[PDB]
Number of protein chains: 2
Amino acid sequence: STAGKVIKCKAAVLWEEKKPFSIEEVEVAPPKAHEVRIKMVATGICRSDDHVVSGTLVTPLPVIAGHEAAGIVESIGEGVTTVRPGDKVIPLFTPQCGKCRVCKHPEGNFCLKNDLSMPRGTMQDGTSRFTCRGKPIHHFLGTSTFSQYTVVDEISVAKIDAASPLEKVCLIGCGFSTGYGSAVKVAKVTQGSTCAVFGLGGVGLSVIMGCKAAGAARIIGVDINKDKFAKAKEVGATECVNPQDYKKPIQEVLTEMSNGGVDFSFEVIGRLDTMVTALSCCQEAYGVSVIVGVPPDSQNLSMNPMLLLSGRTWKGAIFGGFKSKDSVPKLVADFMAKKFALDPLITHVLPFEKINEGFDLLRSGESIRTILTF
Amino acid sequence: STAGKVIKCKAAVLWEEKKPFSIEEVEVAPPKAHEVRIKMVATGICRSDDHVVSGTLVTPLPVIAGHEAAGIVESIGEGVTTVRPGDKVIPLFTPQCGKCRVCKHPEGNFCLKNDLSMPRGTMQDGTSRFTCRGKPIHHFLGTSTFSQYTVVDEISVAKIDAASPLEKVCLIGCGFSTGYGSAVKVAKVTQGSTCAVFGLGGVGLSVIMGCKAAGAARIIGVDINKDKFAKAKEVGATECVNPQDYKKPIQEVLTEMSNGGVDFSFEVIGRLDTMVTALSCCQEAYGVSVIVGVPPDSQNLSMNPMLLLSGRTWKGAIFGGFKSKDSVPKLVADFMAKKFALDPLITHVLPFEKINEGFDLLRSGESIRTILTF
Ligand SMILES: NC(=O)c1ccc[n+]([C@@H]2O[C@H](COP(=O)([O-])OP(=O)(O)OC[C@H]3O[C@@H](n4cnc5c(N)ncnc54)[C@H](O)[C@@H]3O)[C@@H](O)[C@H]2O)c1
Ligand SMILES: NC(=O)c1ccc[n+]([C@@H]2O[C@H](COP(=O)([O-])OP(=O)(O)OC[C@H]3O[C@@H](n4cnc5c(N)ncnc54)[C@H](O)[C@@H]3O)[C@@H](O)[C@H]2O)c1
Ligand SMILES: [Zn+2]
Ligand SMILES: [Zn+2]
Ligand SMILES: [Zn+2]
Ligand SMILES: [Zn+2]
């Protein structure tokens, strides 16, 4: 590789729902006007990457999954204004643009032009940029960063520093700034409150380290893996609760702690049952429960409209409700400026091709955010 | 009146779920250690007064219903200097205390010294204050305004304009406040927006007013009573709609109209399926649905956590987010300035006794607000 024409690199194609990844030879076509193929350096193993091997998150397979990654640019397209090559850029699973009333609303985020609410499984014109044996393989959302190269459009490529830790700063293309932005944007943790965070994972530590900046005098953590409680207390997690150690329902306990309920509560697992237990555990009259997580598809939660009627605002968010192409660059100069710490999350840093133990740590248990290097 | 100890009067009791109100003579005792006794001037028939009757709003029985009323004091108890005898007052159904959380909280409206979350038959003391026969009759909210005289609790009551129409302002006890309180305080309707309004009657008419004052351009109101479609323009609306004129779900009709979806979708019906159809009806990524309406008993509803994940916020509220003892005073006071209208809401002033007719005027469609003079 490198070029103007077809690069013949390596990738990790899913060919089938519930099987490991086949590291392979695929051939990434040179970009198409307003696209920007990017030479991948580092990637992150999110869950929403694993929801795809189970099929809890449904996208057209066969596909080069991956979406939370950093890398450097080589080739750009026609009329491309935003990033020039040799550029460190970080790919955007939720794009930005300019027109669609959501891109033009003070409080939007979720660009009409996504591929998350009902997936085509391709580029922005309907075609691939990934051909394996002879069969084009599907891109995911609009990043596919488990290749050695990828070709993203222009509206979903953010351009950061140039002295930036991409073995670090790749947790901003998702991981951190969705759990961060939830707590400080979407929920808006009031200075001095009681926060309960269900799920103490990658995204759920950033949400507790968003509350802790928001002021938050208290912050509890609920995980059924007491093993997670440390990286947690260590992040600014005051009281950790394991629902398994308890006889009575957990909303109660959670609600007997802060009795009345916690000002704010966040669900970062994505279970229809916890997605409600988190709503029940806050305050009738002014309890703001937000859901970050991603449930098993077309699945319905059985809730009581009365839960909401006393005065609880229920929200949701993809990303941190962070306007993608002017919030990801801005959010790096900060890390670089010791605004936060990306290190306490990261538990491993594996070579790409072992990307199958990578998933198997995450899911096969405790060991929170690995970073496969390319 | 000769006020010092017990009285007898006419009350509209509801001995049984499903049967009309019997205007029995009822003997109402003196205000105790803190309360105030009131003789009623007027009352409106709010649907919630109808719910107790169906079996969908379960407070204990037998009970004097009613909660939307203005009157003047008679008696007044001990440890008091809030409202003195011969002083207009509006009974309140969601009290205050200034004691509790929600009350001390700048944004809490659900006091937590109330009887709608866990109806009791009341009286903070835990007691009687009504006996129709030799049988004690129950209180509806800290109120029961369907009797000639009732004796509330000083925590749930309020002194007002002195030179104030208790025949125009008994509607500031619910109907109008909640309608308008839910659009201007709990939705924080915006200017330029398009709010859709489900249910074009009592309260849903006041919501079509904040929506007009909050300062917006399109207020689309949806009812199954084409007949209800003009007050709705008089008082605000532009477009009016009927789900029965349609081969397509009303969700959609309404989602192209604002195509992209509405901005601020309200529901003031009490329909568990209308609660969702409106969830869905606002912008996937920045729409706010305020559940106004009071649902069936402990009947739950279904939806998938992705209507919320995309960005819509789903709040709810009682009264209209309006604290209790600080508003009805200043609200009424706004009326006097002819700062808002209270008549396009009122269609029938019927004398009490003639109550089992105003109810019979609801259930039909001939009535919006049938005020019950005394
Ligand atoms: N809204 C968005 O844009 C967005 C962004 C990123 C991730 N997500 C989703 O949020 C979730 C969190 O992502 P992640 O990478 O940190 O996942 P993860 O698997 O590493 O985290 C899941 C965590 O929840 C815990 N957990 C499991 N069952 C639990 C239960 N019953 N009660 C409490 N805790 C329980 C696990 O022990 C673990 O700590 C995923 O489902 C992901 O898909 C959404
Ligand atoms: N949250 C609170 O504190 C509060 C305060 C007051 C009233 N409420 C509740 O709000 C609701 C509205 O009360 P109201 O006094 O205005 O009642 P109302 O009878 O005057 O209003 C109901 C209206 O909605 C219309 N409607 C019903 N089903 C419909 C459907 N499927 N599709 C379209 N339109 C439909 C009906 O024709 C009727 O005109 C009730 O359930 C009441 O109990 C709640
Ligand atoms: Zn856009
Ligand atoms: Zn992710
Ligand atoms: Zn209170
Ligand atoms: Zn009412």
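Chain B uses Swiss-Prot numbers throughout; the residues present, in order, are 2-375.
Placement of Cβ uses the backbone N, Cα and C atoms for every residue, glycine included.
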Candidate sharing the Zn(2+) 1 site with B:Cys47, B:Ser49, B:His68 (per Swiss-Prot), from B:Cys175, B:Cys196, B:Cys212: B:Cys175
Message: Give me the count of other Cβ atoms within 10 A of the Cβ belonging to B:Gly294 (NAD(+) binding site).
response: 24
Statement: Which of the binding-site residues B:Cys47, B:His68, B:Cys98, B:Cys175, B:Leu201, B:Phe320 sit near chain A? With a CB under 8 A, the answer is none
Statement: Cα of B:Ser49 (Zn(2+) 1 binding site) to Cα of B:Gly294 (NAD(+) binding site), in Å and rounded, measures 9
Statement: Whole-number Å distance separating the Cα atoms of B:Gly205 (NAD(+) binding site) and B:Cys112 (Zn(2+) 2 binding site) is 24
- prompt: Where does B:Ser49 (Zn(2+) 1 binding site) sit by DSSP, helix, strand or coil?
  reply: helix
- line: What remains of the binding-site residues B:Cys98, B:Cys101, B:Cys104, B:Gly205, B:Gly294 after requiring a CB under 6 angstroms from ligand 5 is B:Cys98, B:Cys101, B:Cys104
